[PDB]
Amino acid sequence: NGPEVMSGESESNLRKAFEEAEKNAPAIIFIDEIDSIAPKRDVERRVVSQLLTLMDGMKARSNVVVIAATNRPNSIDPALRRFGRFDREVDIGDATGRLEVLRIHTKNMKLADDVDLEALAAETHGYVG
Amino acid sequence: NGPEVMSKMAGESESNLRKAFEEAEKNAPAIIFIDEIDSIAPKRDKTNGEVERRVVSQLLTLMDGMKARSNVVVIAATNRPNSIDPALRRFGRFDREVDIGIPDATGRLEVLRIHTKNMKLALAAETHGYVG
Amino acid sequence: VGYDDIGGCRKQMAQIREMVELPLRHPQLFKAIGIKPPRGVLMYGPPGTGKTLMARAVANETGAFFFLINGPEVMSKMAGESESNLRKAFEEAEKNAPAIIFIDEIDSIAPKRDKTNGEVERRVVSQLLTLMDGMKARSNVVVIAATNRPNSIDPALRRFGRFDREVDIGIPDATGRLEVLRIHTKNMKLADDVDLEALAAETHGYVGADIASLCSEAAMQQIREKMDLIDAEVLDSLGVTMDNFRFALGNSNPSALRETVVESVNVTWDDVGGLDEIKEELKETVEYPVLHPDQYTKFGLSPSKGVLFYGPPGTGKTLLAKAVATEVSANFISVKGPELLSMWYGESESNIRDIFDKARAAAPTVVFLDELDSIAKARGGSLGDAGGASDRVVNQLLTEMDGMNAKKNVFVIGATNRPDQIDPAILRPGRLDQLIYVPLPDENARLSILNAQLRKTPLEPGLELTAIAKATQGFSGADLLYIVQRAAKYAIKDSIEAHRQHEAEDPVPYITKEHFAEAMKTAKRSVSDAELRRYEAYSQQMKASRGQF
Amino acid sequence: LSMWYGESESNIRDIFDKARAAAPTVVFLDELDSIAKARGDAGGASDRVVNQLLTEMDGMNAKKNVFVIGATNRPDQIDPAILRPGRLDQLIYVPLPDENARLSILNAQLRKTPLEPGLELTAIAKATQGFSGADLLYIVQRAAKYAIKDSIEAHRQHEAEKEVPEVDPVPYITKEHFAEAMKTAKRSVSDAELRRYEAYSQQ
Amino acid sequence: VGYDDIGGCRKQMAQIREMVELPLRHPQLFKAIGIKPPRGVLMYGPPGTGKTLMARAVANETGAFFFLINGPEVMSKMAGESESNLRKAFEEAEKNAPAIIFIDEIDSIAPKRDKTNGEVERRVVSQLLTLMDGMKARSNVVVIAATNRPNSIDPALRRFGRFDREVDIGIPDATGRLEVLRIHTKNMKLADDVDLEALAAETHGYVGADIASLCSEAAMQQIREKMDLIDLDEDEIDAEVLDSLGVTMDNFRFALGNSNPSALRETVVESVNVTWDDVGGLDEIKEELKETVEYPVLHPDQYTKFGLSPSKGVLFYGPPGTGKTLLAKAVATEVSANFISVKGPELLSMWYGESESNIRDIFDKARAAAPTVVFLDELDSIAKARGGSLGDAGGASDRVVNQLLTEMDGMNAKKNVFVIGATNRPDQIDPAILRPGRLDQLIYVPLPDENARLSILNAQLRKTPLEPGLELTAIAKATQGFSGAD
Amino acid sequence: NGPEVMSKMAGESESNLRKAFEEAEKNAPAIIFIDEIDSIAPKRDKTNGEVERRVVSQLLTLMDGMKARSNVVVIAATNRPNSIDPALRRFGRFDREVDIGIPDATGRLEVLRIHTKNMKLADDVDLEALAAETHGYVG
Amino acid sequence: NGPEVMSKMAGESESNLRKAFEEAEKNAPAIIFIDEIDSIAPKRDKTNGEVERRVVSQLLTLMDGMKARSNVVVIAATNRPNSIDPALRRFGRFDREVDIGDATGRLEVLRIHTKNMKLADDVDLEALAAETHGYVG
Amino acid sequence: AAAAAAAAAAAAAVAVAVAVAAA
Ligand SMILES: [Mg+2]
Ligand SMILES: [Mg+2]
Ligand SMILES: [Mg+2]
Ligand SMILES: [Mg+2]
């Protein structure tokens with residue numbers, strides 16, 4: 001995650017995570033909440049430079065990809081959005097998934113005998129997760 | 001007391017917190033009340049030290065390591081709720097907060113009655129912003 | 001020391017005395033009524049008012065134990081030593097007996113906890129907070145604190161149960177100053193010519209230690225006076241005199257205004273020739289509120305304070321300001337036109353706030369805004385600006401001169417030769433209410449000003465200034481000054497050349513009429529006719545605005 | 001406002017937090033032409049302050065009962081972002097106070113002031129046909145000052161014959177004080193400066 | 001160094017001597033009169049006036065215990081140790097004897113405690129405030145302080161009990177300068193032809209730390225001359241020459257013509273070479289300017305006997321290329337008052353309010369080292385008519401001209417500062433600055449006449465070889481409307 | 001060197017200067033040379049941050065205070081003298097400000113001749129002519 | 001990197017530059033590439049932060065001075081070379097200035113960037129070198 | 001035993017500039 005990298009040991013943590021993901025297998029790294037690590041740049045500068053030189057130093061035999069989630073799409077470095085590290089972004093902009101989340105959560109309780117979760121998925125509009 | 005967890009000997013504060021919490025857990029399903037969490041929640045950015053890192057990490061490790069059979073719960077009291085370390089707020093350590101808000105006119109009358117019930121007596125409409 | 005030594009404060013002394021005595025002299029009444037009183041007190045106010053003096057008096061008169069804590073004495077190098085020091089102090093205070101805790105300069109230990117960035121100080125303030133209230137927090141020991149910046153304390157430390165009561169040891173009034181003077185003159189032998197009531201009435205901004213400084217200066221003058229003549233004959237019959245006190249008063253100024261002391265200038269109402277009616281108007285404007293308060297409140301109306309001088313340049317506005325500065329009992333604060341601006345953001349308003357706070361702190365005070373059009377000009381006219389810093393400055397002046405204030409005696413004098421450039425929001429009554437036009441002198445005024453400038457110069461016996469006054473028609477004060485200067489310069493030239501001629505192998509004790517005659521050839525009218533017409537039009541427009549009367 | 005970076009908006013946050021804590025409250029913003037300036041260069045810190053005020057005003061609902069009072073002399077330089085509907089809808093114009101209003105102001109300022117019983121204030125109101133409240137304060141203050149001058153000269157004379165009772169011959173504000181005080185009254189708004197306010201009201 | 005080596009400030013010297021010595025020499029007087037003396041002094045003034053020298057003299061002469069505190073000497077890494085150092089200093093001072101505490105450069109450990117943000121400075125300031133005046137404050141110890149700027153000091157420290165009185169050790173005068181010269185030339189080997197009163201007269205803005213520089217420069221010139229005349233003498237200098245060194249007047253004059261007051265070191269003008277004979281014509285203007293600038297300085301006694309203050313300002317206007325700047329150069333060269341020269345739009349800055357700050361700074365530099373001639377070339381830029389421009393650059397021009405207005409004549413201390421103006425468009429100058437008292441006399445410099453043209457031609461041709469038979473009268477007749485530039 | 005004296009902690013720039021001067025005066029008559037004095041001598045009243053003011057004051061006290069110096073010489077080098085504290089440009093601290101500026105034709109000729117003493121040239125190269133074409137070339 | 005070494009702490013960025021130069025000179029003759037010097041070279045007149053002037057002076061002292069450099073070269077990089085100290089554009093520090101701004105170079109870059117992939121047989125690079133007329137490289 | 005240490009480096013200020021309009 002984002003702010004769980006600090007304690008000169010943030011650079012050691014970044015190198016440790018990248019060498020652990022490169023050593024084991026062709027795998028995937030999830031960096032959630034990148035807005036804390038990347039403060040848009042205009043020890044944070046050192047850890048941003050470390051993430052830049054560690055994302056760039058991946059060869060063909062590494063075969064690892066990275067996935068990163070963010071809330072706001074404007075406070076990200078264009079040097080992080082440069083060609084080579086992050087170029088393919090997705091824009092994840094419903095009732096069926098809400099029914100799936102309901103059937104995931106409430107199936108571990110002595111629930112009822114007269115429930116219709118379709119109505120709970122329909123009348124709930126803006127909830128998430 | 002938040003500011004009372006440090007010690008004089010090198011790293012003896014960690015032993016103090018460890019023995020305190022283990023004594024609180026091992027004896028019975030007790031209740032622990034932690035004062036001034038803001039004193040131990042400066043957001044991780046304005047610390048620039050090492051004693052804070054060790055003691056906070058020890059507190060995180062000990063709070064995480066709580067078996068179900070302990071039946072011990074901690075109650076926190078912070079006057080600056082937005083100045084809290086989010087690492088402590090994660091689910092499994094501290095999930096439910098309570099917004100202790102401003103009382104209403106009826107609440108002000110209730111507290112007035114409570115406080116005046118021990119004096120020789122021979123207000124809740126003009127007193128508006130008063131709290132506690 | 002004792003309660004008799006403290007003076008100038010009655011209500012605050014009573015509050016401290018009751019809160020420190022009744023808890024430890026009549027405790028049965030407190031349990032009889034049921035509720036204990038406030039347990040902590042915070043003394044705040046300007047420096048040098050009697051805070052530490054009051055603490056010393058409490059420690060002296062009260063028989064209870066006393067423990068003093070200076071500001072930064074608590075904290076040391078070793079980890080956790082500061083909190084250990086506070087714990088040790090409180091434990092020793094509580095264990096032995098009922099005691100009074102006095103923490104001196106509390107603002108050095110209790111920051112706001114939101115602007116601070118250190119680590120040890122945060123732990124110290126949290127230690128103090130948890131030590132003052134909670135389970136087994138405090139039992140029959142009262143806590144005292146002194147500060148100069150009450151706003152620099154975290155609000156969490158200033159609630160009931162920690163510091164319930166705040167006592168304001170503020171600036172004394174005339175009676176308080178008289179009491180302090182009587183207290184500080186009780187030991188020294190004093191001559192009979194003194195008049196302490198008038199002396200106190202003259203110290204218009206002094207506070208506490210400043211009175212003691214005045215007394216010390218008045219004493220020192222006598223020792224330096226009765227020492228040039230040199231035994232027991234001098235050790236006795238000292239007799240501090242009233243002239244010494246007047247001299248010491250003439251030099252010292254209130255400690256609050258020591259930053260902004262104006263350089264000494266010497267003029268007098270006799271120096272300002274002409275403008276007699278305006279002079280008397282200013283006297284009755286500036287002196288009546290300060291010299292006759294009781295009758296003023298008898299009518300139940302506030303004084304009228306503001307005033308603006310406007311007219312052609314070189315007519316005597318700044319001279320009138322100098323006269324008011326040098327020959328009025330009230331304090332004076334000289335402020336230039338653009339002197340208050342600053343490169344940074346918001347610092348101009350901070351400086352304005354500081355100036356006006358200094359002014360109203362040591363009231364009565366006079367603030368002289370020189371060339372007010374520099375910093376108080378029309379709002380919104382400037383298209384290209386620096387972020388509207390000037391607009392913010394004029395708004396700050398508008399709020400500060402008349403707004404959420406205490407209506408203390410602070411007079412503002414504005415001088416500007418350009419009145420149309422001032423925003424109407426300043427010319428309104430309540431900020432600068434009376435606009436005084438200072439026109440060009442007339443013949444009698446020309447004679448008066450010429451005599452006023454020549455009051456010090458030696459002239460011929462047959463010389464008369466009536467011809468010079470009659471000849472000049474559209475002249476102003478600066479032009480007549482120039483005539484006098486030219487005459488003096490030519491007289492100096494004659495003196496030096498005569499001296500050289502005499503030394504080749506008081507020739508000019510006076511300035512001859514010939515010198516004035518041949519120094520008037522180069523005389524000129526400084527103010528053209530265009531500006532005269534413009535100012536007359538402005539005055540006529542002011543009169544024309546009024547109507548049906 | 002402060003020179004440092006962030007402190008300004010931090011002060012707005014602190015003041016509004018204190019205001020919201022002691023709810024209900026009435027936050028009086030006097031001379032709004034310094035904060036709510038036209039956006040339209042100086043670092044843009046004014047824009048940051050205005051944005052902080054707007055984002056910190058949007059968290060107002062029926063709960064917390066925070067009523068914001070604005071007060072400006074020049075309403076044209078207030079940013080329209082504050083004036084748009086749903087932010088601060090109602091705006092009210094205070095005009096120059098008719099003859100009955102003039103009498104009311106005169107009587108309200110002379111409540112705690114001894115005056116001649118045989119004195120009528122309708123004449124003053126009928127005479128001043130374009131004055132403002134500040135002008136009325138100034139005129140009554142001038143009358144009080146002239147009364148004070150008469151009292152002081154009378155006391156001086158009293159001491160003069162004493163050297164060779166009633167404190168002054170007349171504590172009340174005599175008619176002649178008014179009748180002579182009228183020679184220094186200036187009307188402090190020009191009709192041109194009122195035309196713009198009339199146009200704004202029509203707008 | 002004793003008390004007989006600090007000359008120029010007798011009043012301040014005695015004023016300090018009073019409380020430093022008398023309450024220790026004769027304690028009977030203060031117990032007889034019933035009040036204790038002051039025990040706090042703050043020495044302030046421009047750098048190089050004698051503050052540290054006076055502290056050294058007090059330390060050497062008084063028999064009391066002395067403790068020296070340098071300003072930044074107290075700081076330590078651990079939190080709460082600077083104050084520990086202060087405690088050790090004050091406790092030693094109180095425990096040993098009736099002592100004197102001298103704090104040198106106190107402005108670095110005593111800020112306002114309100115504009116600063118560091119924690120250690122606030123805490124040390126509070127420590128000092130409590131140490132000087134608190135509970136059981138002080139036992140017969142006097143505290144001395146020195147600073148170059150007193151306004152940057154905590155107001156809580158500038159109070160009776162902490163700093164009782166502030167002595168102003170300022171720029172000396174002719175008598176003080178003579179005293180300093182006498183003091184600094186009492187141990188060196190002077191010649192028989194040296195006089196000091198004229199030397200003390202011709203030195204104008206010297207703060208007393210520059211007099212020692214003048215003496216050292218004269219000594220260095222003497223040694224250089226006697227090492228140029230004699231061989232370098234690599235092995236060992238002959239003893240006979242040491243028996244006769246001396247210092248002539250020429251050495252002092254040369255050193256004086258090179259050195260300048262330390263306050264005007266930033267604004268030193270490049271040495272241009274113009275003389276009164278280089279400017280032809282304008283003889284009446286030349287003499288008038290010479291007297292107007294010389295009479296107030298050398299002969300103040302007559303002016304004070306006549307009870308009138310000298311005239312200061314003067315403006316030059318006329319067609320371009322007539323000699324206004326040339327006259328300014330001539331004044332700057334061989335006149336005795338100090339010269340400060342500024343071009344037209346030179347004191348303007350990008351920042352808001354900085355131009356007025358520059359004007360304040362330059363006029364303070366002029367008033368400190370008085371007498372001083374301030375030349376404003378091309379007045380039309382910095383003092384344009386205000387209010388004329390319907391548009392504006394933020395109104396900065398109005399503010400700068402207002403600052404000039406109320407800096408040449410306002411609520412200030414009258415002193416000998418002369419302002420020379422030069423312009424080629426007087427009609428666009430605000431009348432408020434052309435009145436007497438700011439720019440007294442407005443001189444016109446017409447196009448030269450026949451005799452003036454001949455004199456100008458002769459003035460330009462001082463160092464030019466010409467034919468013996470060349471006659472310049474025909475050249476003067478031929479022009480009939482030219483200027484000096486033509 | 002200029003910026004090399006200050007350190008992370010508060011109160012080491014002054015300690016560093018104290019140790020430097022004490023070492024310089026401890027043993028023998030010594031010469032001190034401060035590169036880029038403008039980097040650690042900013043004009044007070046226009047700079048923020050208390051450490052800068054404190055180090056400036058420490059330098060002033062070291063160079064000229066009570067018992068100022070004992071047979072020690074100080075030299076400075078700067079490109080912007082006007083951006084120095086005027087208290088530092090006084091006799092007893094910096095008394096002789098020598099102006100090492102651009103040379104003239106003769107000086108430039110001397111510089112050319114000194115620089116070409118170890119480099120092997122051709123007999124047809126004349127230094128006297130070559131120096132004349134250069135006008136603004138300094139050092 | 002430019003922004004990386006600059007910090008808010010007092011006396012740390014200068015320490016960072018000193019440590020970097022000591023590391024470079026310690027091991028062997030090396031090449032120091034300091035990127036974006038214009039961010040850390042504000043001409044010492046238009047700046048107001050003291051840290052910028054201090055690091056500028058540290059750079060000047062490191063590049064030139066007593067035993068400044070011993071067999072080690074420094075390379076810089078910028079977009080606007082004007083916004084640099086005149087003292088830095090001197091001989092001994094940045095004595096050489098190189099302008100790195102065409103069709104043939106673009107074609108060469110196209111050839112070298114497609115060397116490791118078999119694209120096709122009918123792909124003509126002339127159109128690419130003519131159509132992509134505004135590509136930096 | 002351990003020990004503490006104080007450190008105060010710097011802050012950040014804001015300036016204001018003036019512009020000129022050519023109508
Ligand atoms: Mg006190
Ligand atoms: Mg004036
Ligand atoms: Mg000194
Ligand atoms: Mg010219």
# chains A, B, ... in the order shown; residues from 1 in each chain; ligands from 1
>>> closest_atom_pairs(of="chain H", to="chain B", cutoff="10 Å", atoms="only C-alpha atoms", output="tab-separated table")
residue	atom	partner	partner_atom	distance
H:1	CA	B:10	CA	4.6
H:2	CA	B:10	CA	5.5
H:3	CA	B:10	CA	9.2
H:4	CA	B:49	CA	8.7
H:5	CA	B:49	CA	9.2
H:7	CA	B:48	CA	9.5
>>> residues_near_ligand(ligand="ligand 1", cutoff="6 Å", atoms="only C-alpha atoms and all ligand atoms", output="ChimeraX atom specification")
/C:51-52 /E:134
>>> interface_residues(of="chain H", to="chain E", cutoff="8 Å", atoms="only C-alpha atoms", output="list in words")
residues 3, 4, 5, 6, 7, 8, 15, 16, 17, 18, 19, 20, 21 and 23 of chain H
>>> residues_near_ligand(ligand="ligand 3", cutoff="6 Å", atoms="only C-alpha atoms and all ligand atoms", output="PyMOL selection string")
(chain E and resi 51-52) or (chain F and resi 65)
>>> closest_residue(among="F:10, F:97, F:48, F:131", to="chain D", atoms="only C-alpha atoms")
F:48
>>> residues_near_ligand(ligand="ligand 2", cutoff="8 Å", atoms="only C-alpha atoms and all ligand atoms", output="PyMOL selection string")
(chain C and resi 313-319) or (chain E and resi 406+409-411)
>>> closest_residue(among="E:133, E:266, E:225, E:164", to="chain F", atoms="only C-alpha atoms")
E:266
>>> residues_around(residues="residue 28 in chain D", least_positions_apart="3", cutoff="9 Å", atoms="only C-alpha atoms", output="CSV table (one decimal) with N, CA and C atoms, in the first residue's frame")
chain,number,residue,atom,x,y,z
D,67,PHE,N,-25.1,30.5,10.8
D,67,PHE,CA,-25.6,31.6,10.0
D,67,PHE,C,-24.4,32.6,9.7
D,68,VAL,N,-24.1,32.8,8.4
D,68,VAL,CA,-23.0,33.6,8.0
D,68,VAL,C,-23.6,35.0,7.6
D,69,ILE,N,-23.0,36.0,8.2
D,69,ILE,CA,-23.4,37.4,7.9
D,69,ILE,C,-22.3,38.1,7.1
D,70,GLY,N,-22.7,38.6,5.9
D,70,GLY,CA,-21.7,39.3,5.1
D,70,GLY,C,-22.0,40.8,5.2
D,71,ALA,N,-21.0,41.6,5.0
D,71,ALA,CA,-21.1,43.1,5.1
D,71,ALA,C,-20.1,43.7,4.3
